[PDB]
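**Q** Take this structure, written in structure tokens, and hold onto it; I'll ask about it next.
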Amino acid sequence: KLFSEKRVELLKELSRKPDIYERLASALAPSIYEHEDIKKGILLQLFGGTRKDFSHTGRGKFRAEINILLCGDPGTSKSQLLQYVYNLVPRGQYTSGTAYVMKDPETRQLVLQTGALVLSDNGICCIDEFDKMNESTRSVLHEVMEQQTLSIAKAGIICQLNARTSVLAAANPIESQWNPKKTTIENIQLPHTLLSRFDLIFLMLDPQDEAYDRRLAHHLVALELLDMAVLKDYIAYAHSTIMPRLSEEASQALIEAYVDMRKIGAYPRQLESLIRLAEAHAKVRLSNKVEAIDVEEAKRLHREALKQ
Amino acid sequence: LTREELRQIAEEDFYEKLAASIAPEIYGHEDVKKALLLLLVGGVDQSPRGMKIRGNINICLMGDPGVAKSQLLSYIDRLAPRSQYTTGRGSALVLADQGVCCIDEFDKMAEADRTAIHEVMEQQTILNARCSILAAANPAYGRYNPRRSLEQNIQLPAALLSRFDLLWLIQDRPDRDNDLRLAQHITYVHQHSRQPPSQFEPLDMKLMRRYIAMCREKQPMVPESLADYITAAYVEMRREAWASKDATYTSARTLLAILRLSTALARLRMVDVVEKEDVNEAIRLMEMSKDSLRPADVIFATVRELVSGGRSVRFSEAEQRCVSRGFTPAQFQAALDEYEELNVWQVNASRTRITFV
């Protein structure tokens with residue numbers, strides 16, 4: 001509709017390149033250095049999953065959109081990355097650490113105003129300083145994270161709202177320094193529910209390695225265009241046109257991955273997140289079927305995040 | 001300016017005269033005067049590869065009450081072309097666009113306004129807020145306690161202090177001779193209606209304003225030759241700040257600040273290319289700011305170089321290598337005997353091989 005035949009042909013030619021994914025990783029945030037896995041995760045979130053209606057099953061609409069949590073020291077690439085995502089993504093929202101009731105002056109009737117979360121429906125919402133937020137708001141966040149809906153019962157007003165948004169959150173450890181400990185709560189002090197709801201958690205640690213400081217300083221003092229402009233329309237085309245579906249081989253691979261993962265501890269929600277990541281990678285390759293490569297890459301990324 | 005007035009500015013030691021010309025009524029604190037002069041000049045603004053960098057210099061001066069911070073702020077408010085002088089409670093950022101916002105009693109303000117100050121510091125925007133922030137602060141207890149940490153004594157977040165490119169501590173340390181000199185200077189200022197007679201009479205306010213306006217007009221370009229030296233110096237400073245736990249977090253902001261200082265110095269000296277002297281002066285200023293908070297041995301080394309996996313060394317090779325280094329054979333023999341006394345090695349009676357014990 002919005003693309004001519006030559007644009008589709010160019011997109012197919014680019015997709016036929018096996019390196020495009022990594023190249024697209026190089027395309028995202030050129031000013032940010034040595035965060036390739038983070039760029040890969042951001043791209044996968046941009047692709048997201050596929051929407052499925054389970055009305056015949058009697059089950060609620062399962063979440064099909066990816067959320068990523070970032071934690072580290074302030075002054076790092078958090079704010080710049082959040083601004084980059086907000087600027088690049090249409091309908092993006094930027095917030096710092098909901099619906100409300102307004103009196104109509106004409107009919108004296110209480111009408112509803114939609115907060116930024118509702119306004120960013122089908123878009124991406126990014127939040128800075130997650131740790132420093134009030135507990136009431138974080139209690140509200142559980143429903144939008146899980147069911148993608150939001151119910152209000154206040155002053156006789158009872159309503160339900162759709163909140164199809166992706167949360168990209170940045171947080172600061174409580175010590176303001178990575179104290180050598182074991183669990184992420186020991187450094188960040190977050191409840192298990194919120195952590196379990198996140199699909200991907202990444203930690204930004206400034207290593208005490210001299211060569212890394214050399215590279216950072218050189219990148220700063222020395223501080224592509226063909227990619228992001230095409231990529232916006234490419235992502236729109238992928239969202240509108242293709243949807244992957246699961247296969248038997250990927251079924252067996254995911255079952256084995258789950259049974260192996262639980263030995264480390266594991267919840268079915270991480271299995272759902274792995275399915276979503278496989279769908280995202282299949283969309284990345286513009287493949288209508290989910291194969292072994294998607295599952296293997298998703299498991300690799302998850303295990304890399306867990307190891308770090 | 002009239003170019004003759006620029007020459008009247010360009011005598012010998014003109015940098016020192018310009019530094020002293022700012023608030024000469026307050027004795028000492030030449031480093032703070034240089035910092036304020038560089039704030040008046042300011043760095044360069046660039047927008048490379050889609051990101052905007054700041055050239056504005058924001059300085060935080062903290063000290064015990066009575067160190068003449070308010071008078072310095074009033075003087076810099078008077079001298080700056082666009083200047084907005086404000087207090088903690090009494091508030092301005094937009095009004096001082098392309099100017100200097102001098103704010104005092106920073107430590108005596110609620111955190112809600114402080115939160116909005118961070119965006120202004122980081123992006124110079126609110127609307128645009130492209131202004132140089134000059135903040136004044138006092139210790140929580142009225143006296144600076146070196147035992148307590150800097151953040152506790154300032155009761156401000158570490159990020160806010162990091163966003164300030166320069167921090168200057170002034171302590172009222174009691175010294176008898178310094179106290180007498182300060183007292184006599186105050187007496188002379190009070191009686192004679194004037195500053196005490198220094199080596200050179202300070203320049204007029206209008207002349208300094210015009211000079212700053214002209215120096216702001218130039219945009220020096222950083223040569224690529226000094227980049228390696230700048231990286232080495234930044235590495236040394238960051239290593240030092242990592243070894244010391246009480247030092248401020250030397251992130252990218254420190255490198256940006258020193259680059260801004262070098263560009264401001266280049267603008268001050270009216271040169272389109274930044275030289276190594278500007279970099280050295282910036283390093284000196286940053287270091288001062290952070291401080292406010294025998295032939296026998298040579299011949300032994302020469303023959304040690306020939307111990308690459310061998311216990312015995314030929315006499316002729318060692319002699320030739322020592323002579324090639326600029327030592328006469330007599331000194332070689334003397335060093336050999338002196339290190340032979342120390343039971344280090346034994347020389348063959350034929351003087352052909354030496355066995356290292």
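Quick note on naming: the chains in the structure tokens go A, B, ... in the order shown, residues restart at 1 in each chain, and ligands are numbered from 1 in order of appearance.
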Using only C-alpha atoms, I'd like a table of the residues in chain B that come within 12 Å of chain A; for each, show the closest atom pair and its distance in Å rounded to one decimal, ordered by chain and ascending number, as a Markdown table.

**A**
| residue | atom | partner | partner_atom | distance |
| --- | --- | --- | --- | --- |
| B:46 | CA | A:223 | CA | 10.4 |
| B:47 | CA | A:223 | CA | 9.5 |
| B:48 | CA | A:223 | CA | 6.5 |
| B:49 | CA | A:223 | CA | 7.0 |
| B:50 | CA | A:31 | CA | 8.7 |
| B:51 | CA | A:31 | CA | 8.3 |
| B:52 | CA | A:223 | CA | 10.5 |
| B:53 | CA | A:223 | CA | 10.0 |
| B:115 | CA | A:96 | CA | 10.7 |
| B:116 | CA | A:96 | CA | 11.3 |
| B:118 | CA | A:75 | CA | 11.4 |
| B:119 | CA | A:79 | CA | 10.9 |
| B:122 | CA | A:75 | CA | 10.0 |
| B:123 | CA | A:80 | CA | 11.0 |
| B:157 | CA | A:176 | CA | 10.6 |
| B:158 | CA | A:176 | CA | 9.4 |
| B:159 | CA | A:74 | CA | 7.4 |
| B:160 | CA | A:75 | CA | 10.4 |
| B:161 | CA | A:75 | CA | 11.9 |
| B:162 | CA | A:75 | CA | 9.1 |
| B:163 | CA | A:75 | CA | 9.2 |
| B:222 | CA | A:221 | CA | 9.9 |
| B:223 | CA | A:221 | CA | 11.2 |
| B:224 | CA | A:222 | CA | 9.6 |
| B:226 | CA | A:221 | CA | 11.1 |
| B:227 | CA | A:221 | CA | 7.7 |
| B:228 | CA | A:218 | CA | 8.9 |
| B:229 | CA | A:218 | CA | 11.6 |
| B:230 | CA | A:221 | CA | 9.4 |
| B:231 | CA | A:217 | CA | 6.6 |
| B:232 | CA | A:214 | CA | 8.6 |
| B:233 | CA | A:217 | CA | 10.9 |
| B:234 | CA | A:217 | CA | 8.0 |
| B:235 | CA | A:214 | CA | 7.2 |
| B:236 | CA | A:210 | CA | 10.2 |
| B:237 | CA | A:213 | CA | 11.5 |
| B:238 | CA | A:213 | CA | 8.6 |
| B:239 | CA | A:210 | CA | 8.3 |
| B:241 | CA | A:208 | CA | 11.8 |
| B:242 | CA | A:208 | CA | 8.5 |
| B:243 | CA | A:208 | CA | 10.6 |
| B:245 | CA | A:177 | CA | 11.5 |
| B:249 | CA | A:75 | CA | 9.9 |
| B:250 | CA | A:75 | CA | 10.7 |
| B:251 | CA | A:75 | CA | 7.9 |
| B:252 | CA | A:217 | CA | 7.4 |
| B:253 | CA | A:75 | CA | 8.8 |
| B:254 | CA | A:217 | CA | 10.6 |
| B:255 | CA | A:217 | CA | 7.9 |
| B:256 | CA | A:220 | CA | 8.6 |
| B:258 | CA | A:221 | CA | 11.6 |
| B:259 | CA | A:221 | CA | 9.2 |

**Q** From the list A:85, A:163, A:301, A:205, which residue is nearest residue A:180 when using only C-alpha atoms?

**A**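 Answer, going by the shortest atom-to-atom distance: A:205.
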
**Q** Residues within 12 Å of residue A:255, please, as an MDAnalysis selection string. Count only C-alpha atoms; anything in the same chain fewer than 4 positions from it doesn't count.

**A** chainID A and resid 248:251 259:262 268 271:272 274:275 295 299

**Q** In Å to one decimal, how far is atom CA of residue B:74 from atom CA of residue B:128?

**A**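 Computing the Euclidean distance for atom CA of residue B:128 and atom CA of residue B:74 yields 24.6 Å.
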
**Q** At a cut-off of 7 Å, using only C-alpha atoms, what residues contact residue A:202? Leave out same-chain residues fewer than 3 positions from it and give the result as a list in words.

**A**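 Listed by chain and then number, they are residues 69, 70, 71 and 305 of chain A.
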
**Q** Would you kindly return, as a ChimeraX atom specification, each protein, DNA or RNA residue with an atom no farther than 12 Å from any atom of residue A:12, considering only C-alpha atoms and excluding same-chain residues fewer than 3 positions away?

**A** /A:5-9,15-18,20,234,237-238,284-287

**Q** Please compute the atom CA of residue A:138-atom CA of residue A:278 distance, one decimal, in Å.

**A**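 According to the coordinates, atom CA of residue A:138 and atom CA of residue A:278 are separated by 28.6 Å.
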
**Q** Any idea what's packed within 10 Å of residue A:32, counting only C-alpha atoms, ignoring anything in its chain fewer than 2 positions away? Could you give it as a PyMOL selection string?

**A** chain A and resi 26+28-30+34-36+39+77+80-81+216+219-220

**Q** Please extract the residues of stretch 104-352 of chain B with a backbone DSSP assignment of helix (DSSP H, G or I) and present them as a PyMOL selection string.

**A** chain B and resi 106-108+111-123+150-154+158-163+176-192+205-216+227-243+252-268+276-291+295-304+315-324+329-341

**Q** Excluding same-chain residues fewer than 5 positions from stretch 290-301 of chain B, what lies within 7 Å of it counting only C-alpha atoms, as a CSV table (one decimal) with N, CA, C and O atoms, in the first residue's frame?

**A**
chain,number,residue,atom,x,y,z
B,168,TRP,N,35.0,23.9,43.3
B,168,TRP,CA,36.0,24.6,44.0
B,168,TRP,C,35.6,24.7,45.5
B,168,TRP,O,34.6,25.4,45.8
B,169,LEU,N,36.4,24.2,46.4
B,169,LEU,CA,36.3,24.3,47.8
B,169,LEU,C,37.1,25.4,48.4
B,169,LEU,O,38.3,25.5,48.1
B,322,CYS,N,78.8,-2.4,26.4
B,322,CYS,CA,79.0,-1.3,27.4
B,322,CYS,C,79.7,-0.1,26.7
B,322,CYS,O,79.4,1.0,27.0
B,331,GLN,N,85.9,2.1,33.2
B,331,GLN,CA,84.6,2.1,34.0
B,331,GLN,C,84.0,0.7,33.9
B,331,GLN,O,83.4,0.3,34.9
B,332,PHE,N,84.1,0.1,32.8
B,332,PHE,CA,83.5,-1.3,32.7
B,332,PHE,C,84.2,-2.2,33.7
B,332,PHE,O,83.6,-3.0,34.4
B,335,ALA,N,83.2,-1.4,37.3
B,335,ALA,CA,81.8,-1.9,37.6
B,335,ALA,C,81.9,-3.4,37.7
B,335,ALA,O,81.2,-3.9,38.6

**Q** Using only C-alpha atoms, find the one residue out of A:235, A:200, A:229, A:110 that sits nearest to residue A:156.

**A**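 Smallest separation from residue A:156 among the options: A:110.
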
**Q** Please compute the atom CA of residue B:136-atom CA of residue B:206 distance, one decimal, in Å.

**A**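 Atom CA of residue B:206 lies 25.4 Å from atom CA of residue B:136.
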